[PDB]
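Residue numbers (full-length UniProt numbering), protein chains in the order written: chain A, 134 to 346; chain B, 259 to 261, 268 to 310; chain C, 4 to 51; chain D, 8 to 68; chain E, 6 to 155; chain F, 4 to 204; chain G, 2 to 123, 143 to 269.
Yeah, the Cβ is synthetic: ideal placement off N, Cα and C, and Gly gets one too.
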Amino acid sequence: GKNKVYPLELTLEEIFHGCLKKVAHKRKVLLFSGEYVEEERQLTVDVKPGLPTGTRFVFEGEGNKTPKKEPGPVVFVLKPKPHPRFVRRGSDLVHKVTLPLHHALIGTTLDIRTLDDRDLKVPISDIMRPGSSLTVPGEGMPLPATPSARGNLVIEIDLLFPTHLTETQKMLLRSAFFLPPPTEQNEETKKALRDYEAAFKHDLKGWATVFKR
Amino acid sequence: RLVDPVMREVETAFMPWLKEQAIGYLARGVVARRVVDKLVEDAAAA
Amino acid sequence: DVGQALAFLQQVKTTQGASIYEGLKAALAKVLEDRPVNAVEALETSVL
Amino acid sequence: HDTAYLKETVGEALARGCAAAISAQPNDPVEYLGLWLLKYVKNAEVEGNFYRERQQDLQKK
Amino acid sequence: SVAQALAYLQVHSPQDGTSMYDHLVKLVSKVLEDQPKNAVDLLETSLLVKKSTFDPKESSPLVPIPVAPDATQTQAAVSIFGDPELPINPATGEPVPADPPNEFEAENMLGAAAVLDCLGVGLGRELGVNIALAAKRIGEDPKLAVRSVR
Amino acid sequence: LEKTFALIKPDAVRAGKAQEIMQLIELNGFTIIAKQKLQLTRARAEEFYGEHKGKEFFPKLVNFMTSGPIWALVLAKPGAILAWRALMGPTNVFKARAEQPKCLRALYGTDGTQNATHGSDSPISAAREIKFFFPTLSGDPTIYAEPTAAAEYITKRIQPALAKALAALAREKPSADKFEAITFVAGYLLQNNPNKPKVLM
Amino acid sequence: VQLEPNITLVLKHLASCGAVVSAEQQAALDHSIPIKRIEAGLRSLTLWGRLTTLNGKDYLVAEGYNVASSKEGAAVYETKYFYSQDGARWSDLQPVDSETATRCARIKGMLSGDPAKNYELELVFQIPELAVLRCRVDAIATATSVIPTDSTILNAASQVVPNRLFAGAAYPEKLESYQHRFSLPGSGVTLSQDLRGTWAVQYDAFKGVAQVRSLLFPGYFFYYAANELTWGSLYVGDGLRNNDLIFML
């Protein structure tokens with residue numbers, strides 16, 4: 134009636150690829166002596182790619198053996214160790230990334246390192262809203278039912294806003310957020326924009342390219 | 259306390281036939297392997 | 004024994020004019036002399 | 008009786024599978040045997056399919 | 006001699022899952038078991054055996070490792086193209102402190118490469134572009150206060 | 004023609020000397036039938052080195068073999084075990100340099116335990132290690148096909164679950180068609196077996 | 002006889018047709034093609050083409066497949082596409098679902114530069149520019165992707181692999197000598213089975229170089245040198261389609 138449960142901890146790489154784990158069990162045969170007798174049994178557990186969390190492997194016949202009652206089965210419950218990058222949800226993978234504001238607005242590439250040894254560089258397709266997510270199909274954990282299909286990786290975007298802005302920076306931001314459409318601009322506007330851009334991308338006195346220190 | 269069953273005896277008396285068939289198939293595999301080795305030697309000579 | 008198999012493989016003829024024994028021998032000779040890149044798949048793609 | 012049913016039902020295939028398990032020496036022969044039987048039926052059916060496909064291609068040409 | 010041939014034919018090709026020695030044994034065994042009274046097609050039988058071989062793909066104890074050459078040199082070579090964007094400070098989204106480029110006095114290195122390729126001497130034309138970009142990398146460095154690169 | 008196991012330790016790999024060793028191996032008449040670059044974990048390394056199991060050098064030996072990727076090779080040669088033992092040379096690196104120079108341990112190996120190679124001692128250990136690292140590499144058709152040994156292996160395998168599967172098939176008696184019986188017995192075996200557990204979601 | 006088209010021979014043989022790349026971008030390509038090929042685990046990666054934008058920052062697009070198998074009578078290649086404004090750093094092109102794949106074919110005009118541009122179409145639908153670029157690349161690849169016939173063969177397990185014994189195509193002038201990539205080797209489907217006047221072939225018998233230009237997509241060129249068996253293709257120009265083919269011819 135009673136069964137002994139045991140957590141079995143795996144890394145996301147093992148579950149992604151499919152491990153063949155060996156586990157040690159302390160079985161207690163109870164006898165007339167006050168001390169019980171313990172032995173170490175070896176068990177091979179085959180975890181197939183993409184097995185869902187909470188999977189139970191039950192070994193029947195193993196367990197502490199009282200003199201009269203045949204021991205009940207032992208249970209191993211799958212659980213994943215924490216990963217530095219991905220947290221698995223259902224069948225796919227969630228990657229939480231802290232993103233600066235200009236990377237959101239202007240748009241850049243997020244560089245992520247998959248469980249498989251590949252390096253994805255996913256572009257920011259549009260203005261990423263606060264709490265928005267970017268989905269890359271066919272990049273999550275494999276489907277346990279079919280060993281070829283994959284889930285879709287989910288990147289939950291967290292925006293990192295700047296802590297300080299000067300009044301001239303705010304003036305530039307305001308001018309960037311109210312520029313008239315290109316079919317409504319004056320000639321003075323066009324010449325001013327040309328001058329400012331040529332003075333911002335100046336190869337020696339311009340600050341488009343700065344070397345860190 | 260006394261515990268004869270029919271199925272145990274049936275399976276146990278059926279076991280030798282399965283083992284004999286397995287041995288025959290193993291002999292087939294062995295002769296196939298030695299034929300392949302002779303083929304390899306002839307190919308080198310060729 | 005092996006003698007039975009050898010004697011049998013020389014009477015059976017294939018779609019080609021030679022026996023299956025000689026065909027396999029010639030295929031192995033070509034494979035051994037040429038040493039193809041992906042040899043096992045080259046058996047079904049190139050030698051026969 | 009039961010022995011004849013078992014024999015003319017599964018005997019030849021089981022003998023082939025046991026010979027394969029003896030030759031291969033896996034780390035878990037029972038699972039090897041089960042997967043071997045599944046692949047046995049699957050390869051029979053796909054063998055029939057392969058002949059059908061070759062015939063169709065020749066006719067089309 | 007024949008030992009070399011046997012050792013060669015048993016080389017385990019990974020992507021196929023088997024050598025030719027096993028495949029030949031299997032083909033010969035299939036021909037022997039089903040005694041053929043009619044003509045046989047070697048290619049057809051080979052394809053059938055290839056389709057019929059058992060392959061018990063089991064979970065390997067180790068996670069696979071990549072066999073890939075080192076890429077530090079090529080990455081460093083690439084790092085001269087384009088402008089490296091200023092990294093962001095995770096603590097405060099404002100960018101890290103930086104220095105403006107330097108004011109070195111170099112020649113017209115692209116024109117020099119053009120002249121050298123015209124005359125038929127010197128390095129190539131693409132290496133000229135690489136050299137120009139690397140010299141810009143050297144000259145711009147505010148750490149190396151360089152008044153002239155050549 | 005016999006097959007021996009060999010492995011290139013992390014010291015000959017961190018220094019990028021693996022390909023030179025492979026070319027030297029191929030130059031001496033060997034044939035590399037199988038090769039794999041891999042990275043042992045602590046448990047796998049401890050299981051591989053079971054013969055020592057608590058000797059004086061075991062801690063450092065198991066701590067070294069799991070410090071980087073190694074290479075595993077299966078070499079084939081008529082005298083493969085003895086020839087490869089000679090080719091590696093003496094185990095101790097300094098004794099190797101003193102006695103036999105121009106041997107793989109003298110050239111690439113350094114600092115005692117980091118002898119840069121590892122080989123099999125006897126055919127028993129050779130087969131054991133080959134099956135340990137290459138589970139699907141066929142070999143040794145003579146030591147497993149003995150009628151006595153075949154009967155013994157069948158005895159070891161059939162009492163656990165196949166007899167029970169046959170009993171269930173006989174008692175239930177599914178469709179007389181053999182394919183359904185084959186499917187049922189395969190399901191019973193893959194569901195009831197002492198080696199693997201039962202999996203539930 | 003080749004296994005993968007060079008990026009230098011393609012730029013050399015297609016330079017006359019205007020299929021050229023900047024020298025700095027050419028060096029950057031030479032360096033950063035293997036880097037992306039190893040970072041993505043792809044056995045084959047070549048430059049597919051170059052698309053023009055309203056800025057000078059054109060999109061360089063490279064495609065690469067890891068597996069290529071026969072499926073329902075179509076040689077399906079599991080292609081991955083990457084884009085780059087400059088030759089240095091590559092980004093990925095995620096595939097497009099069918100709803101937006103049909104709402105992206107109605108958007109015309111040459112693209113802008115920033116890949117973070119949202120087109121608004123008719143309630144209003146917002147579609148990213150990267151989706152439009154992916155649609156155009158897919159359309160051009162479906163309509164145009166061309167290789168010499170018999171250059172691929174089917175092995176066991178139904179995989180299309182290069183024909184190592186390809187001796188070359190006789191009559192390179194004839195369109196029959198060329199086929200689409202997704203045609204099975206057995207099937208006798210070629211570019212002849214397309215519309216009559218949508219492919220122009222100019223062959224120089226002396227130098228042994230044939231040149232096939234697409235008229236339905238004007239910016240697609242494919243060269244085939246026969247003295248040394250070397251074939252390559254490139255698309256240069258905007259990705260728009262030439263609808264009114266009947267009037268022009």
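DSSP, read as helix, strand or coil, puts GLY112(F) in coil. The shortest C-alpha to C-alpha distance from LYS118(G) to any of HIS150(A), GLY194(A), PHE190(A), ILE239(A) is the one to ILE239(A). The beta carbons of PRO140(A) and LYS198(A) sit about 23 Å from each other, so the pair does not count as a contact at 8 Å. For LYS68(D), the three-state secondary structure derived from DSSP is coil. Listed in chain order, the positions of the region 278–300 of chain B with a beta carbon within less than 9 Å of a beta carbon of chain D are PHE278, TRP281, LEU282, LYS283, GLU284, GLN285, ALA286, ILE287, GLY288, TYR289, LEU290, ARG292, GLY293. Between the region 57–72 of chain E and the region 148–161 of chain A there are three or more inter-stretch CB-CB distances shorter than 8 Å, so the stretches are counted as touching. For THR301(A), no CB of chain F lies under 8 Å from its own CB, so it is not counted at the interface with that chain. One alpha carbon belongs to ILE257(A), the other to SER178(F), and they sit about 59 Å apart. Remark: fewer than three beta-carbon pairs, one from each stretch, lie closer than 8 Å, so the region 121–133 of chain E and the region 272–291 of chain B are not flagged as touching. By the CB criterion at 8 Å, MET274(A) and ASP225(A) fall inside the cutoff. Going by C-alpha positions, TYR78(G) is about 35 Å away from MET25(F).
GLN199(G) counts as buried, since at least 16 other C-beta atoms from the protein chains shown sit within 10 angstroms of its C-beta. By the criterion of at least three beta-carbon pairs nearer than 8 Å, the region 7–23 of chain E is in contact with the region 33–42 of chain F. Not one beta carbon of chain C lies nearer than 8 Å to the beta carbon of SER65(E). Taking every protein chain shown into account, the CB of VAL40(C) has fewer than 16 other CB atoms within 10 angstroms, so this residue is exposed.
Looking at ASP158(G), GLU25(G), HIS32(G), the one whose alpha-carbon comes closest to that of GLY50(G) is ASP158(G).
Counting along the chain, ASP88(E) sits inside no beta strand (DSSP E), nor does DSSP assign it H or E at all. For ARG45(F), no chain E residue has a Cβ inside 8 Å of its Cβ, as the nearest lies near 12 Å away.
Taking the Cα of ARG160(A) as reference, the smallest distance to any Cα among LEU293(A), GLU171(A), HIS235(A) is reached at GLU171(A). Sequence-distant Cβ neighbours of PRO295(A) in its own chain, meaning closer than 8 Å and more than five residues away, are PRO233, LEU234. The alpha carbon of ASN67(G) has as its nearest neighbour, out of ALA163(G), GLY74(G), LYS81(G), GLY57(G), the alpha carbon of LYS81(G). Per the DSSP secondary-structure output, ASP244(A) pairs in a beta bridge with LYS254(A). Residues of chain F whose Cβ lies closer than 7 Å to the Cβ of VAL17(D) are, in chain order, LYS181, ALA184, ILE185, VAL188. When CB distances to chain D are screened at a threshold of 7 Å, not a single residue of the region 84–101 of chain E falls below it. Annotation for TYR111(F): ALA15, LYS20, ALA119 place their beta carbon closer than 6 Å to its own, counting only its chain and skipping 5 residues before and after. Take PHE136(F), set aside five residues on each side of it, and the residues of its chain with a beta-carbon closer than 6 Å to its own are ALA75, in chain order. At a cut-off of 8 Å, the C-beta of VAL5(C) has a neighbouring C-beta in chain B.
Boundaries of the beta strand (DSSP E) harbouring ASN67(G): 60–72, taken from the DSSP string. Between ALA82(E) and chain G, the shortest Cβ-Cβ separation is below 8 Å.
The C-beta distance from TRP43(D) to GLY24(D) rounds to 5 Å, short enough to fall under 8 Å. Per DSSP, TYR169(A) is not a residue of any alpha helix (DSSP H), being assigned neither H nor E. Within the same chain, and ignoring the five residues on either side of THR169(G) in sequence, the residues whose Cβ sits closer than 7 Å to its Cβ are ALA189, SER197, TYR198, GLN199, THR210. Setting aside the 5 residues that flank it on each side, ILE143(E) is surrounded in the same chain by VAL154, each with a C-beta closer than 6 Å to its C-beta; the list follows chain order. Note on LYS37(G): 16 or more other CB atoms within 10 angstroms of its CB, so buried under the neighbour-count rule. In this structure, the CA atom of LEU51(C) is about 19 Å from the CA atom of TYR58(D).
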